[PDB]
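One structure is given here, and the rest of the page talks about it.
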Amino acid sequence: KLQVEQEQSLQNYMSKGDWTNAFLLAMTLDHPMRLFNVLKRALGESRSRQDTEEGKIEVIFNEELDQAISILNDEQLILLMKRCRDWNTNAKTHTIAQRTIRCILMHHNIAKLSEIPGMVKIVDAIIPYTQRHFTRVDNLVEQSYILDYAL
Amino acid sequence: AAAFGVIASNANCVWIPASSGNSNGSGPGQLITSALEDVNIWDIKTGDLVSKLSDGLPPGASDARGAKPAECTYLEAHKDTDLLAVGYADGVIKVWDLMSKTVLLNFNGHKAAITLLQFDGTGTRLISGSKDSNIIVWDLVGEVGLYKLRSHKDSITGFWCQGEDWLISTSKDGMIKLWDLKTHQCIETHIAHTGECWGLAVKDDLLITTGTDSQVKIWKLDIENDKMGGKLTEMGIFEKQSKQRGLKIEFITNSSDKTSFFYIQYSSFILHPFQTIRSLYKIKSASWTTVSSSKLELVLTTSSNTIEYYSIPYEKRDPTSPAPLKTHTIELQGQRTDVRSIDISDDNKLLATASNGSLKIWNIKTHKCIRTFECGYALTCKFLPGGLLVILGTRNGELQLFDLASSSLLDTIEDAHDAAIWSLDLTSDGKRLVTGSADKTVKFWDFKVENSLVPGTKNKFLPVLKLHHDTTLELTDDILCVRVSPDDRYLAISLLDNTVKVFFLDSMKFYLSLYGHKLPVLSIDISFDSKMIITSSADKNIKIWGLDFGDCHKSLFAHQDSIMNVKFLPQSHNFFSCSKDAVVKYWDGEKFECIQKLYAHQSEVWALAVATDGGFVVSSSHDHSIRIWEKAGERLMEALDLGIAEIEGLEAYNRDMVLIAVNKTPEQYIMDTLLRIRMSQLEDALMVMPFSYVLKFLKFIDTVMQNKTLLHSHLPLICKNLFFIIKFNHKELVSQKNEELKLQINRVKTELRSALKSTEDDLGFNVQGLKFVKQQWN
């Protein structure tokens, strides 16, 4: 309706601002490609500095999303998880789809709190592509030292 | 052969009626210029033809105009009255000189015609929204790369502030979009409509909107988290336009409910007595409203092919409304409406066109007098040969006798008809009249002066010719066109059984029927050689006939719309076609091919006749006027030489006292060539490069690893190229001396192995974290 389209205009604007309520507001809305763009920009650069939960820290505070996943319900988790299933297929995108996983495994209990929808197909679907991309970085890691080792 | 007509824009045309107003612009204050099918110049309080800009001979140009046909969308003058600017029914905007009527520039880039066009308060910008659903900003240079704002699906209505920044928009897709000027982004879209925004006006501080929803929404200027203060519901029908007073103490609103009403304590209510008026609002729904520049009147633009003047009840202005004044037309829009029939005299100085309520007398472009008895439009008109009297056929079945001198009817010709008159033409001397009627008979009529017991001035009806009961499946008894033999030997008749029948002057004997017509016929004519004929039908097919039957000479078929009239030449050498699709075509009467295709017609042509002089063209129309006629790796070397040429220059910037590769850092171009290159055969471009390419190359890897950037590249690309160059050459076959880049590699590889080791540890916890709950969920 009206507040939906105006809410899409706020979703257009908030991307110029921060990432947190743009992430939750874009999570409750269409479309997940722009949601992939904000995770692309916020998650995209190389950084391994001070304490995060999903690699979200910058000069501007992105650890509020470190809070925002702990409050999130399971419907957005499975609706997120089918998108991670959409993002683990092609190369170089799966890593972005990795970033929430190490997040969500920290936040919720082993039950994936008790009212859990059927997701056996997805949790069965993630793993062989993770083992697939795992051997690649195994190769580049064992090939990285050898240029140093010569001289 | 030789034929008349020209390819020019003007041949002494009177084709512009100066009608159908939709907008206007105020000029000198005592004058006002009007959007019509031209640019017209009127007085603001008298209504006389001050000037008129149309087609013609501009100073220093040929095939140029002052204004076009195909109705003007908007028309306004510049605030310094130096520039003229009109957007037309085509996408091209034309600016014109104010003193002369030469053209200055031509503005295109528009897929559709102009739906918005106005000067800005600076004058150096002209804004034009068109019906291709976007906005185009214009500079005096012609800068269109400034701003092209489009997130729409329909046309736009509302616009500018007066502060060079901070624009607003309301559009016809039910949307009201908010944009900033610096780097435009839709912060917010206020929507309260479901249809089309018809008109728009800001008062001074309150922006009201008028749409299909028959309501009024007020809006505040300094707006965020939408400012709403009220709505004025239900004028009675959807509102169309509004206008503020130049003193900004009132606000007039107009609609298609034949009413206009203003607001005053302005206010959110109408609080002034309105029974003082004497010149009630309008007979036809109006297009646009402007206050007059004399601060005493109101200027109204209606859809009755004319615009008018009134006033608004107030003590400063005139407390009543005056009678509307109209300009000095040439008696082409001084009377009412369209022309369906024309007729020709034999002196080339008496040419009459008829309307719903007028008969207009013309020599070439000068109008003598009017004759008014019309109970409709005329399907046919016919002069007397000699031009003494004229005979009219209205849409009542009534033939009317008019004198040449005055407007008065001498004699009403006997209404023995019960249906309207399709066809009518007189003979050579003009004493026999053959008519079009569905009364299943042919009516002959006498004609002479009034000096006996048989009225020739009232055409007493002695002979009866009736055999019309021929049976068919299309329609038995109706006639469309009648033609008199030029030798005065026979009569040709159009019939609704897809035939024509030929019969001589006396009692019925049969000559010829022509048939083969999929559609019924529109018009039939005879050559003055009197051997071959033509016929026009409703199947877009024009058929030539001589004396045979069933042996088709030629199916003259190249058309798309219906055919109004096709006629021969008055010396029988050129037959011509006027149709529905607004194009008139010359055709050689001896050949099958066309000599000239005249396309300068925008509106519908209903009829067209050429006099026996043959030097001019008379044309009936729907705009009621007459158009008178007569490799990659060397680019990588350039990239590295440019990039190290930047880095070495930035090193000794002030520690010791090119516009494009592309970026704020040139190294982003270095990765971009790695992005642009194909995944195959890149090693052929890499293997060419020497050892100095490596020494220039690793500085960019240290640049991106100290830059911590993985947005524009990825580590298998960098390690992929690294592993290629360590295959190629070399570390100790390129250098035996301990150097700075050699020690740079020893820390860069540590940065790489840690940067990949992070993500590898992330997955190494991720998948084992996924396994464990799947062990439990069983």
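All residue numbers here begin at 1 and follow the chain in the order shown.
Heads up, header says this was done by electron microscopy, 8.7 Å.
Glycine is treated like the rest: Cβ placed from N, Cα and C.
The repeat 'WD 1' annotation in Swiss-Prot covers B:67-97. Per Swiss-Prot, the feature repeat 'WD 2' maps to B:109-139. Taken from Swiss-Prot, the feature repeat 'WD 3' applies to B:151-180. Among the features that Swiss-Prot reports, repeat 'WD 4' is placed at B:192-220. Annotation source Swiss-Prot lists repeat 'WD 5' at B:334-363. Per Swiss-Prot, the feature repeat 'WD 6' maps to B:373-403. Marked as repeat 'WD 7' by Swiss-Prot: B:416-446. Per Swiss-Prot, the feature repeat 'WD 8' maps to B:516-546. Residues annotated as repeat 'WD 9' in Swiss-Prot: B:558-588. Residues annotated as repeat 'WD 10' in Swiss-Prot: B:600-630.
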Feature contact check the repeat 'WD 1' (B:67-97) with the repeat 'WD 10' (B:600-630), CB under 8 Å, 3 or more pairs: yes
Helix, strand and coil residues within the repeat 'WD 2' (B:109-139) as assigned by DSSP: 0 helix, 18 strand, 13 coil
Range from B:109-139, B:192-220, B:334-363, B:416-446 with most C-beta pairs under 8 A to the repeat 'WD 3' (B:151-180): B:109-139
Chain residues in Cβ proximity to the repeat 'WD 7' (B:416-446) (below 8 Å; excluding those fewer than six residues from its ends, i.e. six or more beyond): 376, 379-380, 382, 384-386, 391, 393-399, 454-456, 459-466, 468-469, 477-484, 486, 488, 491, 493-494
Within the repeat 'WD 3' (B:151-180), residues counted as helix, strand or coil by DSSP: 0 helix, 9 strand, 21 coil
Residues in the repeat 'WD 10' (B:600-630) grouped by DSSP into helix, strand and remaining coil: 0 helix, 4 strand, 27 coil
